[PDB]
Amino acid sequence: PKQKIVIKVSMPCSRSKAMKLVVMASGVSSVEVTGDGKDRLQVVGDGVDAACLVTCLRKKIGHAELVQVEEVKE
């Protein structure tokens, strides 16, 4: 049931912190920085709660928004 979600996050230093917050969440297997602006977190996992992640990233880092959801093709 694996999922790829991408979350755009305002990360102008803090990227460290955002990545730490995501890689610790339940279900998350990996997080890496992607995108032309190096501001999209590409999050891979099983049972990942996007809403929760977006919410925490807003609280702790700055603006966050979910921009891509793709089921992992096996």
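Just count from 1 along the sequence shown to find any residue number.
According to the record, 1 to 3 deposited residues between residue 13 and residue 14 are left without atomic coordinates. Per-stretch averaging of Cα B factors for 29-37 and 45-53 places 45-53 on top.
Among all modelled residues in its chain, residue 23 ranks in the middle third by Cα B-factor. Looking at the C-alpha B-factors along this chain, the one for residue 61 belongs to the highest third.
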